[PDB]
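Chemist: This one is final.txt, compact mmCIF, C-alpha atoms and all ligand atoms.
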# COMPACT_ATOMS: atom_id res chain seq x y z
CA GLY A 1 163.34 7.94 124.05
CA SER A 2 162.01 11.04 122.17
CA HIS A 3 165.51 12.72 122.18
CA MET A 4 169.26 11.89 122.60
CA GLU A 5 171.74 12.82 125.42
CA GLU A 6 174.59 13.59 122.89
CA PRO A 7 174.52 17.46 123.50
CA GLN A 8 175.33 16.68 127.21
CA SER A 9 177.41 13.41 126.89
CA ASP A 10 179.61 13.96 123.72
CA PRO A 11 182.59 16.48 123.80
CA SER A 12 182.19 17.24 120.01
CA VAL A 13 178.82 19.06 120.73
CA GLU A 14 178.96 19.90 124.53
CA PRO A 15 179.14 23.80 124.90
CA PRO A 16 180.56 24.42 128.50
CA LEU A 17 181.47 27.82 130.06
CA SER A 18 184.96 29.41 129.45
CA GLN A 19 187.26 31.52 131.72
CA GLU A 20 186.50 34.60 129.50
CA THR A 21 182.67 34.11 129.85
CA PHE A 22 182.56 35.61 133.41
CA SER A 23 184.68 38.61 132.17
CA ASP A 24 182.16 39.54 129.38
CA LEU A 25 179.03 38.33 131.33
CA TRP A 26 178.59 41.51 133.39
CA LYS A 27 179.02 43.78 130.29
CA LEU A 28 177.42 42.50 127.02
CA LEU A 29 175.42 39.32 128.03
CA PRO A 30 172.35 38.42 125.83
CA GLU A 31 168.74 38.18 127.15
CA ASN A 32 168.61 34.35 126.51
CA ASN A 33 171.24 33.18 129.11
CA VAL A 34 170.58 29.98 131.24
CA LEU A 35 173.03 30.40 134.24
CA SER A 36 170.38 32.52 136.18
CA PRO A 37 170.77 31.65 139.94
CA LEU A 38 167.32 31.15 141.59
CA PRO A 39 166.55 32.35 145.23
CA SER A 40 165.50 28.71 146.05
CA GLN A 41 169.15 27.48 145.53
CA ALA A 42 171.34 30.67 145.76
CA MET A 43 173.16 31.29 149.12
CA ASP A 44 171.64 34.82 149.51
CA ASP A 45 171.16 34.11 153.29
CA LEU A 46 174.94 34.90 153.71
CA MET A 47 174.45 38.53 152.42
CA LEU A 48 176.57 41.61 153.20
CA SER A 49 176.73 45.40 152.67
CA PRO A 50 178.95 46.76 149.77
CA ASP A 51 181.48 48.07 152.38
CA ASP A 52 182.29 44.52 153.68
CA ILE A 53 183.48 43.41 150.16
CA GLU A 54 186.71 45.33 151.00
CA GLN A 55 187.24 42.93 154.01
CA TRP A 56 187.73 39.83 151.73
CA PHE A 57 189.40 41.65 148.75
CA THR A 58 191.72 44.19 150.45
CA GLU A 59 192.13 47.94 149.76
CA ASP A 60 194.91 49.90 151.60
CA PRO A 61 193.77 51.36 155.02
CA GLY A 62 196.56 54.03 154.76
CA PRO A 63 200.21 54.48 153.50
CA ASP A 64 201.48 52.89 156.80
CA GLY A 65 199.30 49.68 156.54
CA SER A 66 197.32 50.37 159.79
CA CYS A 67 195.88 46.89 160.56
CA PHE A 68 192.30 46.02 161.68
CA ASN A 69 190.19 43.02 162.92
CA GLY A 70 189.33 42.09 159.26
CA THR A 71 193.09 41.39 158.53
CA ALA A 72 194.73 40.75 161.98
CA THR A 73 191.94 38.83 163.90
CA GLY A 74 190.17 37.09 160.95
CA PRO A 75 192.51 37.05 157.85
CA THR A 76 191.38 36.92 154.15
CA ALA A 77 192.59 33.25 153.96
CA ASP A 78 189.80 32.06 156.39
CA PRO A 79 187.24 29.54 154.91
CA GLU A 80 184.27 31.81 155.86
CA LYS A 81 185.80 34.74 153.83
CA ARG A 82 185.73 32.44 150.72
CA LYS A 83 181.95 31.72 151.28
CA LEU A 84 181.34 35.51 151.25
CA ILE A 85 183.18 35.90 147.88
CA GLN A 86 181.32 32.93 146.31
CA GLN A 87 177.84 34.14 147.48
CA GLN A 88 178.44 37.80 146.46
CA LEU A 89 179.99 36.88 143.04
CA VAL A 90 177.02 34.54 142.23
CA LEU A 91 174.71 37.56 142.90
CA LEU A 92 176.59 39.71 140.27
CA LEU A 93 175.42 36.95 137.81
CA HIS A 94 171.81 37.10 139.10
CA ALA A 95 171.73 40.96 138.94
CA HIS A 96 172.92 40.92 135.25
CA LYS A 97 170.51 38.08 134.19
CA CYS A 98 167.45 39.37 136.19
CA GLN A 99 167.54 42.79 134.39
CA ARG A 100 167.77 40.89 131.01
CA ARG A 101 164.78 38.60 131.91
CA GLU A 102 162.60 41.75 132.33
CA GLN A 103 163.88 43.06 128.92
CA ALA A 104 162.91 39.69 127.30
CA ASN A 105 159.39 39.67 128.92
CA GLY A 106 157.49 42.98 129.46
CA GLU A 107 154.57 41.15 131.26
CA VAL A 108 156.77 40.67 134.44
CA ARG A 109 158.76 42.99 136.81
CA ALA A 110 162.26 42.64 138.33
CA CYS A 111 163.19 41.65 141.94
CA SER A 112 162.21 43.49 145.17
CA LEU A 113 165.47 42.04 146.71
CA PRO A 114 167.64 45.09 147.78
CA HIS A 115 170.92 43.22 146.96
CA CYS A 116 169.71 42.44 143.38
CA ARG A 117 168.51 46.10 142.95
CA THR A 118 171.94 47.26 144.30
CA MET A 119 174.11 45.08 142.01
CA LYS A 120 172.08 45.76 138.78
CA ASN A 121 172.60 49.54 139.28
CA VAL A 122 176.37 48.98 139.96
CA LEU A 123 176.78 46.76 136.83
CA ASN A 124 175.04 49.40 134.60
CA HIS A 125 177.51 52.05 135.97
CA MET A 126 180.67 49.83 135.91
CA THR A 127 180.19 49.15 132.10
CA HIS A 128 180.65 52.93 131.43
CA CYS A 129 183.03 53.74 134.37
CA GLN A 130 186.70 54.69 133.63
CA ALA A 131 188.22 54.71 137.19
CA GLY A 132 187.15 51.12 138.18
CA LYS A 133 189.05 50.22 141.42
CA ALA A 134 189.77 54.00 141.84
CA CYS A 135 186.07 55.10 141.42
CA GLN A 136 184.73 57.41 144.17
CA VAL A 137 181.55 55.24 144.54
CA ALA A 138 182.36 52.52 147.13
CA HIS A 139 179.93 50.02 145.45
CA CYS A 140 181.72 50.42 142.04
CA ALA A 141 185.30 50.21 143.43
CA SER A 142 184.46 47.10 145.57
CA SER A 143 182.70 45.24 142.68
CA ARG A 144 185.71 45.94 140.37
CA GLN A 145 187.98 43.81 142.67
CA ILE A 146 185.52 40.87 142.11
CA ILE A 147 185.61 41.45 138.31
CA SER A 148 189.48 41.67 138.48
CA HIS A 149 189.65 38.12 140.00
CA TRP A 150 188.35 36.28 136.85
CA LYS A 151 190.53 38.62 134.68
CA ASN A 152 193.85 37.57 136.39
CA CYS A 153 193.04 33.99 137.64
CA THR A 154 193.66 31.02 135.21
CA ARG A 155 193.68 27.96 137.61
CA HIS A 156 191.21 25.02 137.76
CA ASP A 157 191.84 24.57 141.54
CA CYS A 158 190.86 27.97 143.07
CA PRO A 159 188.38 28.35 146.04
CA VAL A 160 186.39 30.93 143.96
CA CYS A 161 186.69 29.52 140.36
CA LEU A 162 186.19 25.77 141.17
CA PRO A 163 182.60 25.98 142.66
CA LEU A 164 181.59 28.48 139.88
CA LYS A 165 182.87 26.13 137.07
CA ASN A 166 181.11 23.23 138.88
CA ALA A 167 177.80 25.26 139.04
CA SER A 168 178.13 26.53 135.38
CA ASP A 169 178.34 22.93 133.95
CA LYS A 170 176.08 23.92 130.93
CA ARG A 171 176.80 20.70 128.88
ZN ZN A 201 166.70 39.65 140.67
ZN ZN A 202 182.57 53.81 138.83
ZN ZN A 203 190.41 32.07 140.86
Let me see whether you can do it: turn the structure in this file into structure tokens.
Ligand SMILES: [Zn+2]
Ligand SMILES: [Zn+2]
Ligand SMILES: [Zn+2]
Modeler:
Amino acid sequence: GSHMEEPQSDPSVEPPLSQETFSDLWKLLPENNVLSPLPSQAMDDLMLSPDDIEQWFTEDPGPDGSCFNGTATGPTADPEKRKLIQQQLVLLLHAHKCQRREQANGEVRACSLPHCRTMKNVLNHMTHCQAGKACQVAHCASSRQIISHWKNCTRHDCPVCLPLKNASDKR
């Protein structure tokens, strides 16, 4: 053929994603990234409001632990709760890459998708924010729990990390 498969088939040149990539991604990412999730393949059909993020990554309801349907009727360990983390986390990637695509090409305009518009505003605040999980903006505080997952998790076999590492196979 006209080219070789070595950059994808040989471990001496293959440049795959690292566990620290997702931690820097939402802060300092360059305008030439290739992980950009497209609406034709992204599970955006499973979308939520920023307040429901607190149902899969828990925040205290009060000092007495006053339980609710989101913890007592349908616990955080349910398989459907994991789908909601995966689909929302993949959109934090889209919202950081979509804003960069417009910076790289002034002839086009960013998404009309309210979830993309929501997350790109949160990411541009969260990079300068100092309270994080304690921030008084519900959208900032909720997104910081998602960012805190990749910062503390180091496993290969995790219901959130495994499908992301499988999708980010940039060999
Ligand atoms: Zn977008
Ligand atoms: Zn904040
Ligand atoms: Zn994990």
Chemist: Taking only C-alpha atoms and all ligand atoms into account, list the residues no farther than 6 Å from ligand ZN 203 (chain A), as a PyMOL selection string.
Modeler: chain A and resi 153+158+160-161
Chemist: Can I get the selected residues back with C-alpha atoms, as an mmCIF file, keeping the file's coordinate frame?
Modeler:
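What landed in out-v6.cif:
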data_model
loop_
_atom_site.group_PDB
_atom_site.id
_atom_site.type_symbol
_atom_site.label_atom_id
_atom_site.label_comp_id
_atom_site.auth_asym_id
_atom_site.auth_seq_id
_atom_site.Cartn_x
_atom_site.Cartn_y
_atom_site.Cartn_z
ATOM 1 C CA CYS A 153 193.040 33.990 137.640
ATOM 2 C CA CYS A 158 190.860 27.970 143.070
ATOM 3 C CA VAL A 160 186.390 30.930 143.960
ATOM 4 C CA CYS A 161 186.690 29.520 140.360
#
Chemist: Residues proximal to (175.7, 41.0, 141.2) were defined as those with any atom within 12 Å of that point in the file's coordinates, counting all atoms listed in the file. Which are they, as a PyMOL selection string?
Modeler: chain A and resi 22+25-27+36-37+44+47+50+85-99+113-124+126+139-140+142-144+146-147
Chemist: Please write out the residues within 6 Å of ligand ZN 202 (chain A) as a list in words, counting all atoms listed in the file.
Modeler: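 Based on all atoms listed in the file, ligand ZN 202 (chain A) is surrounded within 6 Å by residues 126, 129, 131, 132, 135, 137 and 140 of chain A.
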Chemist: Please report the interatomic distance between atom CA of residue 145 of chain A and atom CA of residue 53 of chain A in Å with one decimal.
Modeler: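 These two atoms are separated by 8.7 Å.
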Chemist: Go through A:42, A:156, A:70, A:32 one by one, measure the shortest atom-to-atom distance of each to ligand ZN 201 (chain A) using all atoms listed in the file, and give the residue with the smallest value.
Modeler: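 Answer, going by the shortest atom-to-atom distance: A:42.
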Chemist: Expressed in Å to a single decimal, how great is the separation between atom CA of residue 14 of chain A and atom CA of residue 105 of chain A?
Modeler: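 Between these atoms lies a distance of 28.2 Å.
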Chemist: So, with all atoms listed in the file as the atoms that count, which of A:29, A:35, A:46, A:110 lies closest to ligand ZN 201 (chain A)?
Modeler: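 For ligand ZN 201 (chain A), the nearest of the candidates is A:110.
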Chemist: Extending 8 Å beyond the listed atoms of segment 84-98 of chain A on each side, what axis-aligned box results? I want centre and edge lengths in Å to one decimal, as AutoDock Vina command-line options.
Modeler:
--center_x 175.3 --center_y 36.9 --center_z 142.7 --size_x 31.7 --size_y 24.0 --size_z 33.1
Chemist: Just to confirm, what's the straight-line distance from atom CA of residue 34 of chain A to atom CA of residue 150 of chain A in Å (one decimal)?
Modeler: 19.7 Å
Chemist: Pick from A:80, A:59, A:107, A:52: nearest to residue 134 of chain A, with all atoms listed in the file counted?
Modeler: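 The answer is A:59, which sits nearest to residue 134 of chain A.
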Chemist: When distances are computed from all atoms listed in the file, which of A:23, A:58, A:154, A:18 shows the smallest separation from residue 169 of chain A?
Modeler: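 Answer, going by the shortest atom-to-atom distance: A:18.
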Chemist: Restricting the calculation to all atoms listed in the file: of A:31, A:20, A:64, A:102, which residue gets closest to ligand ZN 201 (chain A)?
Modeler: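 Among the listed residues, the smallest separation from ligand ZN 201 (chain A) belongs to A:102.
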Chemist: From the options A:39, A:65, A:79, A:163, which residue's atoms come nearest to ligand ZN 201 (chain A), counting only C-alpha atoms and all ligand atoms?
Modeler: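 Ranked by minimum distance to ligand ZN 201 (chain A), first place goes to A:39.
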